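Engineer: My structure is stored as upload-v7.pdb, with PDB, C-alpha atoms.
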```pdb
MODEL        1
ATOM      1  CA  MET A   2      86.200  96.613 119.445
ATOM      2  CA  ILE A   3      89.932  96.939 120.157
ATOM      3  CA  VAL A   4      91.679  93.611 120.325
ATOM      4  CA  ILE A   5      94.746  93.363 122.573
ATOM      5  CA  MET A   6      97.107  90.552 121.597
ATOM      6  CA  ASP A   7      98.805  89.240 124.746
ATOM      7  CA  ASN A   8     102.546  88.848 124.280
ATOM      8  CA  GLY A   9     103.007  87.968 127.954
ATOM      9  CA  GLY A  10     104.037  91.243 129.521
ATOM     10  CA  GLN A  11     103.337  92.400 133.026
ATOM     11  CA  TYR A  12     101.283  95.449 132.042
ATOM     12  CA  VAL A  13      98.834  93.942 129.547
ATOM     13  CA  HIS A  14      95.820  94.208 131.858
ATOM     14  CA  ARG A  15      96.518  97.906 132.302
ATOM     15  CA  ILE A  16      96.071  98.395 128.597
ATOM     16  CA  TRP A  17      92.654  96.738 128.900
ATOM     17  CA  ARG A  18      91.585  98.605 132.044
ATOM     18  CA  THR A  19      92.645 101.940 130.523
ATOM     19  CA  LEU A  20      90.486 101.339 127.508
ATOM     20  CA  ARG A  21      87.597 100.199 129.646
ATOM     21  CA  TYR A  22      87.900 103.336 131.704
ATOM     22  CA  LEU A  23      87.653 105.260 128.450
ATOM     23  CA  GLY A  24      84.403 103.422 127.513
ATOM     24  CA  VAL A  25      86.113 101.449 124.732
ATOM     25  CA  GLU A  26      85.003  97.942 123.917
ATOM     26  CA  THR A  27      88.023  95.753 124.283
ATOM     27  CA  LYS A  28      89.182  92.139 124.738
ATOM     28  CA  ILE A  29      92.594  90.588 125.574
ATOM     29  CA  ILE A  30      93.293  87.481 123.529
ATOM     30  CA  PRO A  31      96.155  85.034 123.418
ATOM     31  CA  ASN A  32      98.737  86.074 120.889
ATOM     32  CA  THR A  33      98.362  82.599 119.314
ATOM     33  CA  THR A  34      94.648  83.091 118.508
ATOM     34  CA  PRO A  35      94.066  81.899 114.872
ATOM     35  CA  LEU A  36      93.560  84.750 112.341
ATOM     36  CA  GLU A  37      90.142  83.735 111.297
ATOM     37  CA  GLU A  38      89.074  83.968 114.966
ATOM     38  CA  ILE A  39      90.639  87.443 115.237
ATOM     39  CA  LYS A  40      88.597  88.274 112.121
ATOM     40  CA  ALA A  41      85.337  86.985 113.591
ATOM     41  CA  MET A  42      85.729  89.587 116.365
ATOM     42  CA  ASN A  43      85.354  92.427 113.797
ATOM     43  CA  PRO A  44      88.212  94.338 115.401
ATOM     44  CA  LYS A  45      88.254  98.099 114.848
ATOM     45  CA  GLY A  46      91.797  98.266 116.127
ATOM     46  CA  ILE A  47      94.549  95.944 117.280
ATOM     47  CA  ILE A  48      97.172  96.324 120.003
ATOM     48  CA  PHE A  49     100.276  94.143 120.188
ATOM     49  CA  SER A  50     101.185  94.152 123.868
ATOM     50  CA  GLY A  51     104.505  94.165 125.558
ATOM     51  CA  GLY A  52     106.218  90.988 126.641
ATOM     52  CA  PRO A  53     109.556  89.386 127.428
ATOM     53  CA  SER A  54     110.590  87.901 124.117
ATOM     54  CA  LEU A  55     110.535  88.333 120.369
ATOM     55  CA  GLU A  56     110.352  84.498 120.333
ATOM     56  CA  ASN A  57     106.859  84.682 121.834
ATOM     57  CA  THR A  58     104.921  86.928 119.524
ATOM     58  CA  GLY A  59     102.364  84.264 118.411
ATOM     59  CA  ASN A  60     100.364  85.572 115.392
ATOM     60  CA  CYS A  61     101.273  89.246 115.655
ATOM     61  CA  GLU A  62     103.481  89.023 112.495
ATOM     62  CA  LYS A  63     100.787  86.935 110.803
ATOM     63  CA  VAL A  64      98.367  89.831 111.365
ATOM     64  CA  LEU A  65     100.833  92.134 109.619
ATOM     65  CA  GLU A  66     101.392  89.611 106.792
ATOM     66  CA  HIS A  67      97.608  89.612 106.320
ATOM     67  CA  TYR A  68      97.072  93.293 107.002
ATOM     68  CA  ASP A  69      94.835  93.580 103.973
ATOM     69  CA  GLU A  70      92.270  91.365 105.807
ATOM     70  CA  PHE A  71      92.186  93.775 108.749
ATOM     71  CA  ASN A  72      92.845  97.307 107.441
ATOM     72  CA  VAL A  73      92.472  98.870 110.924
ATOM     73  CA  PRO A  74      94.840 100.821 113.141
ATOM     74  CA  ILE A  75      97.535  98.803 114.948
ATOM     75  CA  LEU A  76      99.541  99.970 117.990
ATOM     76  CA  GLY A  77     102.562  98.084 119.183
ATOM     77  CA  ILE A  78     103.771  98.753 122.722
ATOM     78  CA  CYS A  79     107.444  98.070 123.580
ATOM     79  CA  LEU A  80     107.869  94.481 122.345
ATOM     80  CA  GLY A  81     104.907  95.250 119.959
ATOM     81  CA  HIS A  82     106.788  98.323 118.636
ATOM     82  CA  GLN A  83     109.898  96.207 118.184
ATOM     83  CA  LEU A  84     108.126  93.365 116.384
ATOM     84  CA  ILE A  85     106.494  95.835 114.000
ATOM     85  CA  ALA A  86     109.899  97.334 113.342
ATOM     86  CA  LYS A  87     111.456  93.964 112.526
ATOM     87  CA  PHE A  88     108.588  92.820 110.366
ATOM     88  CA  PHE A  89     108.659  96.024 108.224
ATOM     89  CA  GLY A  90     112.380  95.754 107.625
ATOM     90  CA  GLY A  91     113.956  97.721 110.475
ATOM     91  CA  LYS A  92     116.375  96.362 113.172
ATOM     92  CA  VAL A  93     116.118  95.926 116.939
ATOM     93  CA  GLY A  94     118.956  95.624 119.399
ATOM     94  CA  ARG A  95     120.022  96.337 122.989
ATOM     95  CA  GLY A  96     119.735  99.839 124.399
ATOM     96  CA  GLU A  97     121.576 101.724 127.168
ATOM     97  CA  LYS A  98     119.455 101.465 130.288
ATOM     98  CA  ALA A  99     117.691  98.151 131.027
ATOM     99  CA  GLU A 100     115.872  99.211 134.208
ATOM    100  CA  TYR A 101     112.520 100.806 134.001
ATOM    101  CA  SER A 102     112.339 104.503 134.836
ATOM    102  CA  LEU A 103     110.599 107.700 133.781
ATOM    103  CA  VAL A 104     112.387 109.070 130.708
ATOM    104  CA  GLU A 105     111.731 112.440 129.062
ATOM    105  CA  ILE A 106     110.757 112.179 125.375
ATOM    106  CA  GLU A 107     110.363 114.938 122.828
ATOM    107  CA  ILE A 108     107.457 114.667 120.431
ATOM    108  CA  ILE A 109     108.719 115.705 117.036
ATOM    109  CA  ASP A 110     105.540 115.007 115.013
ATOM    110  CA  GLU A 111     102.318 115.051 116.910
ATOM    111  CA  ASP A 112     100.578 113.043 114.048
ATOM    112  CA  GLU A 113      97.669 111.167 115.598
ATOM    113  CA  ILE A 114      98.496 109.443 118.864
ATOM    114  CA  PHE A 115     100.153 112.654 120.286
ATOM    115  CA  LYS A 116      97.514 115.009 119.076
ATOM    116  CA  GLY A 117      96.876 117.817 121.540
ATOM    117  CA  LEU A 118      99.661 116.770 123.894
ATOM    118  CA  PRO A 119     102.672 118.772 125.175
ATOM    119  CA  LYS A 120     105.968 118.590 123.245
ATOM    120  CA  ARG A 121     107.861 116.888 126.104
ATOM    121  CA  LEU A 122     106.457 114.053 128.263
ATOM    122  CA  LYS A 123     108.018 111.758 130.904
ATOM    123  CA  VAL A 124     107.163 108.186 129.999
ATOM    124  CA  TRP A 125     107.510 104.828 131.749
ATOM    125  CA  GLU A 126     109.957 102.693 129.784
ATOM    126  CA  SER A 127     113.042 100.550 129.578
ATOM    127  CA  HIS A 128     115.599 100.430 126.716
ATOM    128  CA  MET A 129     116.670  96.844 127.361
ATOM    129  CA  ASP A 130     115.883  96.517 123.673
ATOM    130  CA  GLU A 131     114.961  99.199 121.180
ATOM    131  CA  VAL A 132     114.561 100.010 117.494
ATOM    132  CA  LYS A 133     117.969 100.692 115.988
ATOM    133  CA  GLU A 134     117.067 101.102 112.348
ATOM    134  CA  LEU A 135     113.761 102.569 111.409
ATOM    135  CA  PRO A 136     111.861 100.503 108.864
ATOM    136  CA  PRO A 137     111.553 101.776 105.273
ATOM    137  CA  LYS A 138     108.375 103.734 104.865
ATOM    138  CA  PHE A 139     108.085 104.665 108.508
ATOM    139  CA  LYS A 140     108.601 108.037 110.243
ATOM    140  CA  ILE A 141     109.701 108.874 113.734
ATOM    141  CA  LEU A 142     107.195 110.606 115.989
ATOM    142  CA  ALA A 143     109.156 110.969 119.218
ATOM    143  CA  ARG A 144     112.697 110.591 120.583
ATOM    144  CA  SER A 145     114.767 110.678 123.790
ATOM    145  CA  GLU A 146     118.395 111.407 124.551
ATOM    146  CA  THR A 147     119.504 107.791 124.187
ATOM    147  CA  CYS A 148     116.961 106.512 121.680
ATOM    148  CA  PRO A 149     116.032 108.258 118.468
ATOM    149  CA  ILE A 150     112.986 106.065 117.927
ATOM    150  CA  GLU A 151     110.644 106.327 120.865
ATOM    151  CA  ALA A 152     107.555 106.265 118.671
ATOM    152  CA  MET A 153     106.980 105.702 114.991
ATOM    153  CA  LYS A 154     104.287 105.329 112.332
ATOM    154  CA  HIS A 155     104.005 103.871 108.878
ATOM    155  CA  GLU A 156     103.946 106.806 106.413
ATOM    156  CA  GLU A 157     100.944 105.331 104.592
ATOM    157  CA  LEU A 158      99.093 102.981 106.952
ATOM    158  CA  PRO A 159      97.763 103.465 110.478
ATOM    159  CA  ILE A 160     100.415 101.280 112.043
ATOM    160  CA  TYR A 161     102.033 102.728 115.130
ATOM    161  CA  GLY A 162     104.704 101.819 117.664
ATOM    162  CA  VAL A 163     105.750 103.228 121.003
ATOM    163  CA  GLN A 164     108.747 102.093 122.996
ATOM    164  CA  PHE A 165     107.222 103.146 126.305
ATOM    165  CA  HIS A 166     104.114 102.019 128.142
ATOM    166  CA  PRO A 167     101.190 104.464 127.897
ATOM    167  CA  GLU A 168      99.094 102.003 129.907
ATOM    168  CA  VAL A 169     101.271 102.608 132.976
ATOM    169  CA  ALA A 170      99.951 105.544 134.954
ATOM    170  CA  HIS A 171     103.381 106.900 135.623
ATOM    171  CA  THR A 172     103.519 107.837 131.926
ATOM    172  CA  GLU A 173     102.502 111.472 131.486
ATOM    173  CA  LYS A 174      99.437 111.633 129.235
ATOM    174  CA  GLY A 175      99.575 107.855 128.813
ATOM    175  CA  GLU A 176      95.775 107.583 129.061
ATOM    176  CA  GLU A 177      95.402 110.367 126.460
ATOM    177  CA  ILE A 178      97.707 108.587 123.994
ATOM    178  CA  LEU A 179      95.539 105.459 124.337
ATOM    179  CA  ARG A 180      92.435 107.617 123.948
ATOM    180  CA  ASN A 181      93.879 109.210 120.788
ATOM    181  CA  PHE A 182      94.599 105.751 119.362
ATOM    182  CA  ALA A 183      91.053 104.567 120.186
ATOM    183  CA  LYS A 184      89.541 107.676 118.542
ATOM    184  CA  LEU A 185      91.398 106.698 115.368
ATOM    185  CA  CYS A 186      89.645 103.356 115.348
ATOM    186  CA  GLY A 187      86.234 105.042 115.654
ATOM    187  CA  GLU A 188      86.859 107.477 112.647
ATOM    188  CA  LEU A 189      88.343 106.554 109.141
TER     189      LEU A 189
ENDMDL
END
```
Spell out the structure here as structure tokens.

Structural biologist:
Amino acid sequence: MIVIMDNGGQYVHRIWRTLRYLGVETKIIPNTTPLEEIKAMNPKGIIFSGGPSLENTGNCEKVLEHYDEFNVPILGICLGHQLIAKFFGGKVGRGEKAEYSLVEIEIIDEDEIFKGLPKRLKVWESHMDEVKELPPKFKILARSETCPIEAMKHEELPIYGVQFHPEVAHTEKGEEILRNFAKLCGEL
């Protein structure tokens, strides 16, 4: 079971449908779902979805505060990436290109979610906002010309962020990145 916390973005269903296509048990829940209830689902992984506003992240930060009750892989997508960054002591701010487009990224550490993938990928993303200061204890996994932090992970915990939307088909290997993340939740 991969739980997708709905932060209100336009592409949240695509995350769910991608996982379904992959044969992964998954459910979208309101981001305001109480933690106990999230715990009663026995999640093997959690996704913090995109959305319009850091002011509407519901209990995403609460999940991180209580990570010891979960101890499963977490993937933040765009706003989810940014909220993880803020929570862990990094900084988010405006980028230089607010419109969505395909952007080429360079994978600098294939780690887990980029395992087996090419070194450069075009991904569907905006930089209306982005991570400006990496959190302590995190490492960068991918970059682009205008944004050094296109993907990141905690150095010690399976907590991941991507700035772009792997759930959008335009993203090269987007389905594979989601698959790689799901495979992490099935092994430990």

Engineer: Looking at A:79, A:160, A:13, A:30, which one is nearest to residue 126 of chain A, with distances taken over all atoms listed in the file?

Structural biologist: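 Distance minimum relative to residue 126 of chain A lands on A:79.
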
Engineer: With all atoms listed in the file as the counted atoms, please give the residues lying no more than 7 Å from residue 156 of chain A, apart from itself and same-chain residues fewer than 2 positions off, as a count of residues only.

Structural biologist: 5

Engineer: Carefully work through the PyMOL selection byres ((chain A and resi 119) around 10) for this structure and note down the residues it includes, as a PDB file with C-alpha atoms, in the frame of the given file.

Structural biologist:
```pdb
ATOM      1  CA  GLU A 107     110.363 114.938 122.828  1.00  0.00           C
ATOM      2  CA  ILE A 108     107.457 114.667 120.431  1.00  0.00           C
ATOM      3  CA  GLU A 111     102.318 115.051 116.910  1.00  0.00           C
ATOM      4  CA  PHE A 115     100.153 112.654 120.286  1.00  0.00           C
ATOM      5  CA  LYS A 116      97.514 115.009 119.076  1.00  0.00           C
ATOM      6  CA  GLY A 117      96.876 117.817 121.540  1.00  0.00           C
ATOM      7  CA  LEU A 118      99.661 116.770 123.894  1.00  0.00           C
ATOM      8  CA  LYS A 120     105.968 118.590 123.245  1.00  0.00           C
ATOM      9  CA  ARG A 121     107.861 116.888 126.104  1.00  0.00           C
ATOM     10  CA  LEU A 122     106.457 114.053 128.263  1.00  0.00           C
ATOM     11  CA  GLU A 173     102.502 111.472 131.486  1.00  0.00           C
ATOM     12  CA  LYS A 174      99.437 111.633 129.235  1.00  0.00           C
TER      13      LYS A 174
END
```

Engineer: Please evaluate the PyMOL selection byres ((chain A and resi 57) around 12) against the displayed coordinates and give the resulting residues as a list in words.

Structural biologist: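 When the PyMOL selection byres ((chain A and resi 57) around 12) is applied, the selected residues are residues 6, 7, 8, 9, 10, 31, 32, 33, 49, 50, 51, 52, 53, 54, 55, 56, 58, 59, 60, 61, 62, 80, 81 and 84 of chain A.
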
Engineer: Those residues with C-alpha atoms, as a CSV table (one decimal), in the frame of the given file please?

Structural biologist:
```csv
chain,number,residue,atom,x,y,z
A,6,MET,CA,97.1,90.6,121.6
A,7,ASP,CA,98.8,89.2,124.7
A,8,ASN,CA,102.5,88.8,124.3
A,9,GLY,CA,103.0,88.0,128.0
A,10,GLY,CA,104.0,91.2,129.5
A,31,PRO,CA,96.2,85.0,123.4
A,32,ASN,CA,98.7,86.1,120.9
A,33,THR,CA,98.4,82.6,119.3
A,49,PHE,CA,100.3,94.1,120.2
A,50,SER,CA,101.2,94.2,123.9
A,51,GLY,CA,104.5,94.2,125.6
A,52,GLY,CA,106.2,91.0,126.6
A,53,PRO,CA,109.6,89.4,127.4
A,54,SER,CA,110.6,87.9,124.1
A,55,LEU,CA,110.5,88.3,120.4
A,56,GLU,CA,110.4,84.5,120.3
A,58,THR,CA,104.9,86.9,119.5
A,59,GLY,CA,102.4,84.3,118.4
A,60,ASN,CA,100.4,85.6,115.4
A,61,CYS,CA,101.3,89.2,115.7
A,62,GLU,CA,103.5,89.0,112.5
A,80,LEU,CA,107.9,94.5,122.3
A,81,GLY,CA,104.9,95.2,120.0
A,84,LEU,CA,108.1,93.4,116.4
```

Engineer: Hey, which of A:16, A:163, A:78, A:64 ends up closest to residue 143 of chain A? Count all atoms listed in the file.

Structural biologist: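 Of all the options, A:163 lies closest to residue 143 of chain A.
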
Engineer: How far is it from atom CA of residue 169 of chain A to atom CA of residue 133 of chain A, in Å with one decimal?

Structural biologist: 23.9 Å

Engineer: Check the smallest atom-to-atom distance from each of A:103, A:183, A:75, A:48 to residue 25 of chain A using only C-alpha atoms, then report the winner.

Structural biologist: A:183

Engineer: Where does the PyMOL selection byres ((chain A and resi 172) around 10) land in this file, that is, which residues does it pick, as an MDAnalysis selection string?

Structural biologist: chainID A and resid 102:105 122:126 165:171 173:176 178

Engineer: Axis-aligned box over every listed atom of segment 91-107 of chain A, padded by 4 Å per side: centre and edges in Å to one decimal, as JSON?

Structural biologist:
```
{"center_x": 116.0, "center_y": 105.3, "center_z": 122.7, "size_x": 19.2, "size_y": 27.3, "size_z": 32.4}
```

Engineer: What does the distance between atom CA of residue 15 of chain A and atom CA of residue 135 of chain A come to in Å, to one decimal place?

Structural biologist: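 Rounded to one decimal, the two atoms are 27.5 Å apart.
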
Engineer: Given the choices A:96, A:187, A:46, A:149, which gets closest to residue 161 of chain A if the distance is worked out from only C-alpha atoms?

Structural biologist: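 Closest to residue 161 of chain A, using only C-alpha atoms: A:46.
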
Engineer: As an exercise, work out the distance from atom CA of residue 34 of chain A to atom CA of residue 74 of chain A in Å and give it to one decimal place.

Structural biologist: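 Here the two named atoms are 18.5 Å from each other.
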
Engineer: Kindly indicate which residue among A:89, A:101, A:182, A:12 lies nearest to residue 159 of chain A, using only C-alpha atoms for the distances.

Structural biologist: A:182

Engineer: Which residue, A:40, A:155, A:110, A:85, has the smallest gap to residue 65 of chain A when you use only C-alpha atoms?

Structural biologist: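 Looking at the shortest contact to residue 65 of chain A, the residue is A:85.
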
Engineer: Add whatever atoms are absent from segment 86-104 of chain A to reach N, CA and C atoms, and provide the output as a PDB file, keeping the file's coordinate frame.

Structural biologist:
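For reference, out.pdb as written:
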```
ATOM      1  N   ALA A  86     108.697  96.906 113.988  1.00  0.00           N
ATOM      2  CA  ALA A  86     109.899  97.334 113.342  1.00  0.00           C
ATOM      3  C   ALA A  86     110.637  96.238 112.551  1.00  0.00           C
ATOM      4  N   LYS A  87     110.817  95.095 113.162  1.00  0.00           N
ATOM      5  CA  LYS A  87     111.456  93.964 112.526  1.00  0.00           C
ATOM      6  C   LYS A  87     110.710  93.477 111.327  1.00  0.00           C
ATOM      7  N   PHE A  88     109.388  93.355 111.482  1.00  0.00           N
ATOM      8  CA  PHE A  88     108.588  92.820 110.366  1.00  0.00           C
ATOM      9  C   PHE A  88     108.721  93.699 109.141  1.00  0.00           C
ATOM     10  N   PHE A  89     108.684  95.035 109.332  1.00  0.00           N
ATOM     11  CA  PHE A  89     108.659  96.024 108.224  1.00  0.00           C
ATOM     12  C   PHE A  89     110.041  96.373 107.656  1.00  0.00           C
ATOM     13  N   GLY A  90     111.072  95.692 108.165  1.00  0.00           N
ATOM     14  CA  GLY A  90     112.380  95.754 107.625  1.00  0.00           C
ATOM     15  C   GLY A  90     113.394  96.620 108.365  1.00  0.00           C
ATOM     16  N   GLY A  91     113.047  97.041 109.560  1.00  0.00           N
ATOM     17  CA  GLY A  91     113.956  97.721 110.475  1.00  0.00           C
ATOM     18  C   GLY A  91     114.765  96.721 111.321  1.00  0.00           C
ATOM     19  N   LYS A  92     115.470  97.193 112.333  1.00  0.00           N
ATOM     20  CA  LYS A  92     116.375  96.362 113.172  1.00  0.00           C
ATOM     21  C   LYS A  92     116.203  96.739 114.623  1.00  0.00           C
ATOM     22  N   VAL A  93     116.288  95.725 115.511  1.00  0.00           N
ATOM     23  CA  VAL A  93     116.118  95.926 116.939  1.00  0.00           C
ATOM     24  C   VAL A  93     117.361  95.452 117.617  1.00  0.00           C
ATOM     25  N   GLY A  94     117.775  96.084 118.706  1.00  0.00           N
ATOM     26  CA  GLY A  94     118.956  95.624 119.399  1.00  0.00           C
ATOM     27  C   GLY A  94     118.981  96.169 120.827  1.00  0.00           C
ATOM     28  N   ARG A  95     120.028  95.905 121.591  1.00  0.00           N
ATOM     29  CA  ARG A  95     120.022  96.337 122.989  1.00  0.00           C
ATOM     30  C   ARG A  95     120.232  97.835 123.093  1.00  0.00           C
ATOM     31  N   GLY A  96     119.470  98.450 124.009  1.00  0.00           N
ATOM     32  CA  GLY A  96     119.735  99.839 124.399  1.00  0.00           C
ATOM     33  C   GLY A  96     120.621 100.046 125.622  1.00  0.00           C
ATOM     34  N   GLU A  97     120.703 101.293 126.078  1.00  0.00           N
ATOM     35  CA  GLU A  97     121.576 101.724 127.168  1.00  0.00           C
ATOM     36  C   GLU A  97     120.784 102.136 128.356  1.00  0.00           C
ATOM     37  N   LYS A  98     120.112 101.203 128.980  1.00  0.00           N
ATOM     38  CA  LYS A  98     119.455 101.465 130.288  1.00  0.00           C
ATOM     39  C   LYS A  98     118.387 100.391 130.282  1.00  0.00           C
ATOM     40  N   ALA A  99     118.629  99.284 130.998  1.00  0.00           N
ATOM     41  CA  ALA A  99     117.691  98.151 131.027  1.00  0.00           C
ATOM     42  C   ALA A  99     116.576  98.259 132.107  1.00  0.00           C
ATOM     43  N   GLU A 100     116.845  99.002 133.163  1.00  0.00           N
ATOM     44  CA  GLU A 100     115.872  99.211 134.208  1.00  0.00           C
ATOM     45  C   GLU A 100     114.777 100.128 133.739  1.00  0.00           C
ATOM     46  N   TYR A 101     113.597  99.928 134.292  1.00  0.00           N
ATOM     47  CA  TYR A 101     112.520 100.806 134.001  1.00  0.00           C
ATOM     48  C   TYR A 101     112.758 102.070 134.785  1.00  0.00           C
ATOM     49  N   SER A 102     112.384 103.198 134.177  1.00  0.00           N
ATOM     50  CA  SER A 102     112.339 104.503 134.836  1.00  0.00           C
ATOM     51  C   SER A 102     111.457 105.467 134.013  1.00  0.00           C
ATOM     52  N   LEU A 103     111.220 106.661 134.593  1.00  0.00           N
ATOM     53  CA  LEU A 103     110.599 107.700 133.781  1.00  0.00           C
ATOM     54  C   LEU A 103     111.715 108.349 132.961  1.00  0.00           C
ATOM     55  N   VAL A 104     111.464 108.474 131.677  1.00  0.00           N
ATOM     56  CA  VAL A 104     112.387 109.070 130.708  1.00  0.00           C
ATOM     57  C   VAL A 104     111.686 110.229 129.989  1.00  0.00           C
TER      58      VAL A 104
END
```
